[PDB]
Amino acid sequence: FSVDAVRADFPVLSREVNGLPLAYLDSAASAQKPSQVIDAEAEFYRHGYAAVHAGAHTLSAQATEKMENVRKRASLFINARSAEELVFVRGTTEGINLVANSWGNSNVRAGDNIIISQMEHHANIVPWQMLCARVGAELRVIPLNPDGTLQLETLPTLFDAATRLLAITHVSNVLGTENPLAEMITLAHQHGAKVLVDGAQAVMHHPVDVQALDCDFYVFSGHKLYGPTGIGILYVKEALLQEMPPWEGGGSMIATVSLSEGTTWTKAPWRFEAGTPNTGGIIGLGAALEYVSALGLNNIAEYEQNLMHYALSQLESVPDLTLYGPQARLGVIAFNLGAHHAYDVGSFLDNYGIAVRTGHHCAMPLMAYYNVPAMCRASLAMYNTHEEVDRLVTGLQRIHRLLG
């Protein structure tokens, strides 16, 4: 793995944010895209665009073929049993919202309980709160530990006969923690409960095998996987998918439409994709899938791990720095400088040309646990360098001496 080679594929990296070379340390919010991806979509629009609904003419017939191919490619990326188990969604948020509405509204009756963690992203909280609101079910939360890990010992007190589904994050977007999915997956199954894994921040750091994990639902966004915005993958077990009813109607998710005999629906996954798809985005996601897989997630893993174990080392030279989460974090570093608000700290780093995320990172609940209104988030991707890490620590030291 060679950063120099990689970074050469991302044009934005050669940018100058504030008269100073840009240091994009905020990929956890949204990764930058490589040329291969950017052009892959641009070419599609330039030499072969058309409607992807198995039309008559070659252009449309071919676009459809392209579309379906990406679906297969993605199916291999996460090792899905069959491509028909993958549904195209705008992103992780819509993905969960689809499951909650379709599968939730017909499996979680009033009285039952749903389990989610305390480190979950708002996209894996609200949709569930809404379900419980209308269905009349109870929402249970898995407590957290100071080191940013889950209080697993409290599992037996949460899992019971009325537990229907377990919505948990693969990796944390703030603490970088990687939950013990495998084991938790079986436990929830032992009680006959389903498990929805929100791996929006896992797919880009290392390999994922939905077959080995045995999860019933798995979602992730493309724009974070060095792909285009507006596209995401929703994976649901064939067995479960075939039984799920539609959520969005109209478009081409119907098999027949009669104003008298009523309308029928097609088979999954197409049943869950009404209206014209995001063809462009699909094409883009494919190139991203290809690009990343080319480098090897295991290689990207090794490099990213090294850079991290280095960033944590240097980050120690910084005084008054308070870190949140385990030492075995993933591509994310949540910290805070003494008593200064992340707003100001992050605002200063920007002046130095560093891109860091400040705020609650759509995880308000998690913040309340640490009694902090908000923290700073420095992400380390495959195109990031040690020099950038240094550029970060130094700036932190500077803002310390200046602000106090």
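Position 1 is the first residue in the sequence shown; the rest follow in order.
Q. Should the higher mean CA B-factor in the entry be assigned to 75 to 83 or to 122 to 130?
A. Going by the record's values, the stretch with the higher mean is 75 to 83.
Averaging CA B factors per stretch from the PDB record, which one is higher: 169 to 177 or 249 to 257?
Looking at the record's C-alpha B-factors, the answer is 249 to 257.
By the entry's C-alpha temperature factors, tell me which of 17, 382, 396, 389 sits highest.
Comparing C-alpha B-factors across 17, 382, 396, 389, the top value belongs to 17.
Please pick out which of 232, 192, 227, 275 has the largest Cα B-factor as recorded in the entry.
-> Out of 232, 192, 227, 275, the record gives the largest C-alpha B-factor to 192.
Position of residue 211 among the chain's modelled residues by C-alpha B-factor, lowest, middle or highest third: Tercile = middle for this residue's CA B-factor.
| request: Taking the chain's C-alpha temperature factors as the reference, tell me which third residue 313 falls into: lowest, middle or highest. | output: Highest third - that is where residue 313 ends up once the chain's C-alpha B-factors are sorted.
Would you mind checking where the Cα B-factor of residue 34 ranks among the modelled residues of its chain, as the lowest, middle or highest third? It falls in the bottom third of the chain.
### Task
Determine, from the deposited record, the chain-internal third of the Cα B-factor for residue 117: lowest, middle or highest.
According to the entry, residue 117 has a C-alpha B-factor in the chain's lowest third.
Could you look up the Cα B-factor of residue 41 in the entry and say which third of the chain it sits in: lowest, middle or highest? For residue 41, whose C-alpha B-factor we compare with every modelled residue in the chain, the answer is the lowest third.
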